[PDB]
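Participant: Take this structure first; my questions come after.
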Amino acid sequence: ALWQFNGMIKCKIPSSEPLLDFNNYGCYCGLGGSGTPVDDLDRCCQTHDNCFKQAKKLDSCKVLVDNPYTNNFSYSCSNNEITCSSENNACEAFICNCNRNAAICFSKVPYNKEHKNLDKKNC
Ligand SMILES: [Ca+2]
């Protein structure tokens with residue numbers, strides 16, 4: 001889910017606006033992704049892309065039309081830690097864990113100015 005993935009990175013990074021700061025960064029952070037990741041932040045987004053790829057080949061996710069972005073799920077942010085809820089059914093619980101690992105990865109890697117809006121001739 002986009003707005004829930006947005007909310008989870010703000011849980012870990014209270015000062016950012018993820019849809020401005022982390023959209024269109026490198027080769028993978030954003031819509032699609034291809035080529036070799038340019039740094040570790042970008043490698044966080046490759047893994048996140050691969051994890052939503054996993055979820056699509058899940059039998060459980062198949063009947064879900066509003067796919068890995070508009071479909072939702074439920075989680076909570078409490079003292080800057082993300083908890084995915086047990087009332088999530090199988091597809092949404094896999095999506096919530098994909099998104100939860102991406103937001104922790106984001107908070108743990110250096111952010112490189114030079115890669116924001118990287119020319120996709122580099123990917
Ligand atoms: Ca991507």
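Simple scheme: letters A, B, ... for chains in structure tokens order, numbers from 1 for residues in each chain, numbers from 1 for ligands in the order shown.
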Using only C-alpha atoms, determine which residues lie at most 7 Å from stretch 17-30 of chain A, disregarding the query and same-chain residues fewer than 6 positions distant; provide the list as a PDB file with N, CA and C atoms, in the first residue's frame.

Facilitator:
```
ATOM      1  N   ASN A   6       4.189   4.942   3.095  1.00  0.00           N
ATOM      2  CA  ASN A   6       4.598   6.305   3.395  1.00  0.00           C
ATOM      3  C   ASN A   6       4.628   6.523   4.882  1.00  0.00           C
ATOM      4  N   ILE A   9       7.693   4.694   6.814  1.00  0.00           N
ATOM      5  CA  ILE A   9       9.008   5.314   6.751  1.00  0.00           C
ATOM      6  C   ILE A   9       8.954   6.536   7.676  1.00  0.00           C
ATOM      7  N   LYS A  10       7.891   7.320   7.716  1.00  0.00           N
ATOM      8  CA  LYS A  10       7.789   8.416   8.657  1.00  0.00           C
ATOM      9  C   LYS A  10       7.835   7.922  10.070  1.00  0.00           C
ATOM     10  N   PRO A  37      21.732  -1.517  -8.516  1.00  0.00           N
ATOM     11  CA  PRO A  37      21.518  -0.418  -7.552  1.00  0.00           C
ATOM     12  C   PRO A  37      22.787   0.410  -7.407  1.00  0.00           C
ATOM     13  N   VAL A  38      22.607   1.733  -7.294  1.00  0.00           N
ATOM     14  CA  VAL A  38      23.737   2.708  -7.254  1.00  0.00           C
ATOM     15  C   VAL A  38      24.369   2.858  -5.858  1.00  0.00           C
ATOM     16  N   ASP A  42      19.314   2.453  -2.488  1.00  0.00           N
ATOM     17  CA  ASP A  42      18.796   1.900  -3.718  1.00  0.00           C
ATOM     18  C   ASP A  42      18.733   0.370  -3.649  1.00  0.00           C
ATOM     19  N   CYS A  45      15.563  -0.542  -1.889  1.00  0.00           N
ATOM     20  CA  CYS A  45      14.437  -0.504  -2.795  1.00  0.00           C
ATOM     21  C   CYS A  45      14.364  -1.647  -3.812  1.00  0.00           C
ATOM     22  N   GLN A  46      15.491  -2.221  -4.242  1.00  0.00           N
ATOM     23  CA  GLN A  46      15.537  -3.395  -5.088  1.00  0.00           C
ATOM     24  C   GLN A  46      14.869  -4.564  -4.333  1.00  0.00           C
ATOM     25  N   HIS A 115      22.163  11.074  -5.901  1.00  0.00           N
ATOM     26  CA  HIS A 115      21.366  10.038  -6.557  1.00  0.00           C
ATOM     27  C   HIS A 115      19.863  10.276  -6.619  1.00  0.00           C
ATOM     28  N   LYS A 116      19.473  11.447  -6.145  1.00  0.00           N
ATOM     29  CA  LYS A 116      18.099  11.813  -6.157  1.00  0.00           C
ATOM     30  C   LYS A 116      17.910  12.294  -7.593  1.00  0.00           C
ATOM     31  N   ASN A 117      16.958  11.660  -8.257  1.00  0.00           N
ATOM     32  CA  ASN A 117      16.599  11.907  -9.649  1.00  0.00           C
ATOM     33  C   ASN A 117      17.675  11.463 -10.633  1.00  0.00           C
ATOM     34  N   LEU A 118      18.217  10.281 -10.368  1.00  0.00           N
ATOM     35  CA  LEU A 118      19.305   9.733 -11.156  1.00  0.00           C
ATOM     36  C   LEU A 118      18.773   9.431 -12.538  1.00  0.00           C
ATOM     37  N   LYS A 120      18.071   7.803 -15.566  1.00  0.00           N
ATOM     38  CA  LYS A 120      17.853   6.404 -15.920  1.00  0.00           C
ATOM     39  C   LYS A 120      18.613   5.862 -17.125  1.00  0.00           C
ATOM     40  N   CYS A 123      20.871   3.186 -15.520  1.00  0.00           N
ATOM     41  CA  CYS A 123      20.297   2.004 -14.931  1.00  0.00           C
ATOM     42  C   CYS A 123      20.104   0.954 -16.019  1.00  0.00           C
TER      43      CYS A 123
END
```

Participant: Determine, counting only C-alpha atoms, which protein, DNA and RNA residues have an atom within 7 Å of an atom of residue A:41; residues of the same chain fewer than 4 positions away are not included. Present the result as a PyMOL selection string.

Facilitator: chain A and resi 45+106+109-111

Participant: Nearest to residue A:70: which of A:58, A:107, A:95, A:49 is it, counting only C-alpha atoms?

Facilitator: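 Ranked by minimum distance to residue A:70, first place goes to A:95.
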
Participant: Identify, on the basis of only C-alpha atoms, every residue whose closest approach to residue A:52 does not exceed 9 Å; exclude the query and any residue fewer than 2 positions from it along the same chain; express the result as number ranges by chain.

Facilitator: A: 47-50, 54-56, 68, 94-95, 98-99

Participant: Create the file for the chosen residues now, containing N, CA, C and O atoms and written as a compact mmCIF listing (two decimals), in the first residue's frame.

Facilitator:
```txt
# COMPACT_ATOMS: atom_id res chain seq x y z
N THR A 47 15.35 -4.81 -3.11
CA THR A 47 14.79 -5.87 -2.23
C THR A 47 13.31 -5.61 -2.02
O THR A 47 12.52 -6.53 -2.15
N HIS A 48 12.88 -4.41 -1.74
CA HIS A 48 11.47 -4.10 -1.60
C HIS A 48 10.74 -4.45 -2.89
O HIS A 48 9.69 -5.10 -2.80
N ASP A 49 11.30 -4.14 -4.07
CA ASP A 49 10.70 -4.45 -5.36
C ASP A 49 10.60 -5.93 -5.57
O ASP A 49 9.61 -6.41 -6.12
N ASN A 50 11.62 -6.66 -5.16
CA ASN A 50 11.65 -8.11 -5.27
C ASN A 50 10.64 -8.74 -4.33
O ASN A 50 9.98 -9.72 -4.68
N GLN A 54 7.52 -11.13 -5.16
CA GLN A 54 7.21 -12.37 -4.47
C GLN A 54 5.74 -12.47 -4.17
O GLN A 54 5.07 -13.37 -4.62
N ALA A 55 5.23 -11.46 -3.48
CA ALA A 55 3.83 -11.41 -3.13
C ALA A 55 2.91 -11.64 -4.32
O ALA A 55 1.92 -12.36 -4.15
N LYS A 56 3.19 -11.13 -5.54
CA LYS A 56 2.33 -11.34 -6.72
C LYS A 56 2.28 -12.80 -7.07
O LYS A 56 1.23 -13.27 -7.47
N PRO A 68 -0.40 -4.32 -4.85
CA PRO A 68 0.57 -4.03 -3.77
C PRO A 68 0.70 -2.55 -3.38
O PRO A 68 1.65 -2.21 -2.60
N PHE A 94 1.96 -10.33 4.09
CA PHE A 94 3.26 -10.45 3.40
C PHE A 94 3.63 -9.06 2.91
O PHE A 94 4.77 -8.63 3.16
N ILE A 95 2.70 -8.28 2.34
CA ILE A 95 2.96 -6.92 1.92
C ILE A 95 3.40 -6.10 3.11
O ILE A 95 4.44 -5.45 3.00
N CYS A 98 7.05 -6.86 3.80
CA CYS A 98 7.90 -6.25 2.77
C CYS A 98 8.16 -4.79 3.07
O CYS A 98 9.27 -4.26 3.02
N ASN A 99 7.08 -4.06 3.38
CA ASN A 99 7.16 -2.65 3.67
C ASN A 99 7.81 -2.29 4.97
O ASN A 99 8.47 -1.23 5.02
```

Participant: So which one's closest to residue A:77, A:61, A:102, A:11, A:91? Using only C-alpha atoms, please.

Facilitator: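 Once distances to residue A:77 are computed over only C-alpha atoms, the minimum belongs to A:11.
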
Participant: Going by DSSP on the backbone, which residues of chain A come out as strand (DSSP E)? List them as a ChimeraX atom specification.

Facilitator: /A:75-78,81-84

Participant: Using N, CA, C and O atoms, can you write the selected residues to a file as a PDB file, in the first residue's frame?

Facilitator:
```
ATOM      1  N   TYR A  75      -1.118  -1.762  10.512  1.00  0.00           N
ATOM      2  CA  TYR A  75       0.081  -1.709  11.313  1.00  0.00           C
ATOM      3  C   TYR A  75      -0.059  -0.547  12.281  1.00  0.00           C
ATOM      4  O   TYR A  75      -1.001   0.252  12.188  1.00  0.00           O
ATOM      5  N   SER A  76       0.872  -0.482  13.190  1.00  0.00           N
ATOM      6  CA  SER A  76       0.913   0.597  14.167  1.00  0.00           C
ATOM      7  C   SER A  76       2.348   1.096  14.303  1.00  0.00           C
ATOM      8  O   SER A  76       3.284   0.323  14.147  1.00  0.00           O
ATOM      9  N   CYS A  77       2.488   2.399  14.493  1.00  0.00           N
ATOM     10  CA  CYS A  77       3.765   2.963  14.840  1.00  0.00           C
ATOM     11  C   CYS A  77       3.702   3.281  16.332  1.00  0.00           C
ATOM     12  O   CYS A  77       2.744   3.968  16.729  1.00  0.00           O
ATOM     13  N   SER A  78       4.590   2.780  17.178  1.00  0.00           N
ATOM     14  CA  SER A  78       4.580   3.141  18.559  1.00  0.00           C
ATOM     15  C   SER A  78       6.038   3.339  18.893  1.00  0.00           C
ATOM     16  O   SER A  78       6.860   2.480  18.560  1.00  0.00           O
ATOM     17  N   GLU A  81       8.619   2.337  16.210  1.00  0.00           N
ATOM     18  CA  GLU A  81       8.698   0.947  15.790  1.00  0.00           C
ATOM     19  C   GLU A  81       7.396   0.533  15.209  1.00  0.00           C
ATOM     20  O   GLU A  81       6.335   0.917  15.675  1.00  0.00           O
ATOM     21  N   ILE A  82       7.561  -0.155  14.117  1.00  0.00           N
ATOM     22  CA  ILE A  82       6.480  -0.623  13.303  1.00  0.00           C
ATOM     23  C   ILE A  82       6.090  -2.036  13.772  1.00  0.00           C
ATOM     24  O   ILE A  82       6.981  -2.892  13.981  1.00  0.00           O
ATOM     25  N   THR A  83       4.774  -2.226  14.001  1.00  0.00           N
ATOM     26  CA  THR A  83       4.209  -3.549  14.227  1.00  0.00           C
ATOM     27  C   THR A  83       3.107  -3.864  13.226  1.00  0.00           C
ATOM     28  O   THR A  83       2.137  -3.131  13.099  1.00  0.00           O
ATOM     29  N   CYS A  84       3.239  -4.929  12.460  1.00  0.00           N
ATOM     30  CA  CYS A  84       2.237  -5.411  11.514  1.00  0.00           C
ATOM     31  C   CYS A  84       1.172  -6.189  12.305  1.00  0.00           C
ATOM     32  O   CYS A  84       1.444  -6.939  13.256  1.00  0.00           O
TER      33      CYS A  84
END
```

Participant: Find the residue from A:53, A:33, A:89, A:74 that sits nearest to ligand 1; use only C-alpha atoms and all ligand atoms when measuring.

Facilitator: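 Going through A:53, A:33, A:89, A:74 one by one, the smallest distance to ligand 1 is for A:33.
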